[PDB]
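To start, the structure itself, in structure tokens.
Every chain is numbered from 1 and lettered A, B, ... according to where its sequence line falls, protein lines coming before strand lines. Heavy atoms only: backbone and side chains are in, while hydrogens, waters and symmetry mates are out.
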Amino acid sequence: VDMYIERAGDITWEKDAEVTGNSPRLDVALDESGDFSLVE
Amino acid sequence: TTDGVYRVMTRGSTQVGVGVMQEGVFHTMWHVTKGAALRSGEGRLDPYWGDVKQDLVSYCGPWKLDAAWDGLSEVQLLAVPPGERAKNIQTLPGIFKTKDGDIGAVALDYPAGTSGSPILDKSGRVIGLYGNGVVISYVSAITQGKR
């Protein structure tokens with residue numbers, strides 16, 4: 001089972017990007033296994 | 001070894017994630033590779049540091065990315081989905097509020113093979129990687145390591 005990498009682009013900001021998505025404010029906890037969960 | 005964003009592929013072939021090459025170090029998320037060695041052409045990249053709780057791993061050297069979201073500005077996800085050209089998605093992050101402080105978060109839902117894609121600030125610095133998050137719709141932390 002071999003894992004390999006392939007270059008896909010430069011790391012650059014693009015002035016013409018699509019703009020989308022909300023900005024939710026969430027209470028979360030992060031456990032030892034790296035899992036985020038909601039808290040109330 | 002060139003700076004840039006890269007697909008992480010496995011063998012037919014399947015894209016399991018994405019990562020960032022910067023200053024000779026490859027950065028991706030632990031859940032993508034589990035620290036396995038990576039092939040790059042005829043060369044090999046060996047793991048150097050990793051942490052399951054942060055869900056991060058670096059290859060060939062220590063974690064180099066250190067920029068952080070400014071808490072006010074829009075950012076861009078440089079998404080590299082399976083089968084698609086690298087593309088920039090601009091968004092205003094929300095916030096994960098945790099007992100250890102606030103983390104930027106992006107309410108963007110791309111295929112799992114996009115995990116490891118970098119999130120950028122306006123000057124083009126990587127402020128974290130996409131693909132560890134929570135469901136409210138999926139919301140990804142902006143996950144950054146320590147340099």
Side-chain angles (χ1 to χ4, degrees), chain A, chain B residues 2-11 16 18-22 26 30-31 33 36-41 45 51-55 74 76 78 80 85-100 103 105-108 118 120-124 126 132-134 136 139 141:
Chain A
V1 46
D2 213 77
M3 218 168 241
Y4 59 101
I5 67 175
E6 307 177 328
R7 191 172 193 278
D10 294 352
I11 293 171
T12 58
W13 183 274
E14 301 291 339
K15 288 183 271 63
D16 66 336
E18 167 187 10
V19 188
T20 204
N22 288 337
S23 62
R25 284 169 191 171
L26 302 171
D27 298 316
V28 301
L30 176 63
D31 74 14
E32 215 172 59
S33 309
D35 293 320
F36 287 109
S37 56
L38 299 172
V39 168
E40 173 222 280
Chain B
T2 308
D3 284 351
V5 63
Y6 288 69
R7 304 177 195 275
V8 182
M9 305 296 297
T10 56
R11 282 176 210 139
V16 300
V18 179
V20 171
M21 195 77 72
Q22 180 175 309
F26 191 62
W30 179 271
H31 80 261
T33 70
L38 303 173
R39 178 163 65 70
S40 172
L45 298 197
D51 190 290
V52 155
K53 185 166 173 178
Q54 304 184 41
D55 193 34
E74 304 205 326
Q76 283 182 2
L78 179 43
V80 190
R85 151 184 290 170
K87 66 182 150 170
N88 293 63
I89 311 294
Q90 188 163 318
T91 195
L92 180 75
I95 285 151
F96 285 180
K97 302 182 271 183
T98 83
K99 81 210 200 338
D100 301 313
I103 306 167
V106 296
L108 298 172
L120 315 184
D121 66 21
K122 299 160 148 32
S123 77
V126 181
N132 191 20
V134 75
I136 59 172
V139 183

Heavy-atom cut-off 4.5 Å, strictly under: side chain, backbone, both or neither for [X] against chain A?
| X | result |
| --- | --- |
| B:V80 | side chain |
| B:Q22 | neither |
| B:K87 | neither |
| B:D51 | neither |
| B:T33 | both |
| B:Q54 | neither |
| B:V16 | side chain |
| B:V139 | side chain |
| B:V18 | neither |

Minimum heavy-atom distance B:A107-A:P24, with the two atoms named
CB-CD, 3.8 Å
Residues A:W13 and B:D121: closest non-hydrogen pair is CE3-O, 3.1 Å
Holding to side-chain hydrogen bond (donor to acceptor under 3.5 Å, both in side chains), I want the full list of residues that pass it with B:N132, two or more places apart in sequence or in another chain.
none
Partner set under side-chain hydrogen bond (donor to acceptor under 3.5 Å, both in side chains) for A:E14, not counting sequence neighbours:
A:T12
Side chain proximity check, B:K99 to A:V39, heavy atoms < 4.5 angstrom
no
Are the side chain of A:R7 and the backbone of B:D3 linked by a donor-acceptor contact shorter than 3.5 Å?
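Looks like yes, one N/O pair under 3.5 Å.
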Without swapping roles, check the side chain of B:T91 against the backbone of A:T20 for a donor-acceptor pair under 3.5 Å.
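Checking the backbone N and O of A:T20 against the side chain of B:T91, a donor-acceptor pair under 3.5 Å is found.
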Reported [atom1]-to-[atom2] distance for the pair [X] and [Y], which is rounded to 0.5 angstrom:
| X | Y | atom1 | atom2 | value |
| --- | --- | --- | --- | --- |
| A:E18 | B:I89 | CD | CD1 | 4.0 Å |
| B:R39 | A:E6 | CZ | CD | 8.5 Å |
| B:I136 | A:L26 | CD1 | CG | 6.0 Å |
| A:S23 | B:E74 | OG | CD | 9.5 Å |

Give the intermediate values and the outcome of side chain to side chain contact (heavy atoms under 4.5 Å, CB included) for residues A:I11 and B:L78.
CA-CA 8 Å; A:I11 293 171; B:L78 179 43; 4.3 Å; yes
Between [options], who has the most heavy-atom pairs with chain A when the cutoff is under 4.5 Å?
| options | value |
| --- | --- |
| B:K53, B:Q76, B:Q90, B:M21 | B:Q76 |
| B:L120, B:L108, B:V20, B:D100 | B:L120 |
| B:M9, B:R11, B:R7 | B:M9 |
| B:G19, B:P118, B:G133 | B:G133 |

Between B:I95 and A:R25, does a side chain to side chain contact (heavy atoms under 4.5 Å, CB included) hold up when you go through it step by step?
CA-CA 5 Å; B:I95 285 151; A:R25 284 169 191 171; 4.2 Å; yes
Assert top hit (heavy-atom pairs under 4.5 Å, partner chain B, pool A:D16, A:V1, A:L30) equals A:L30
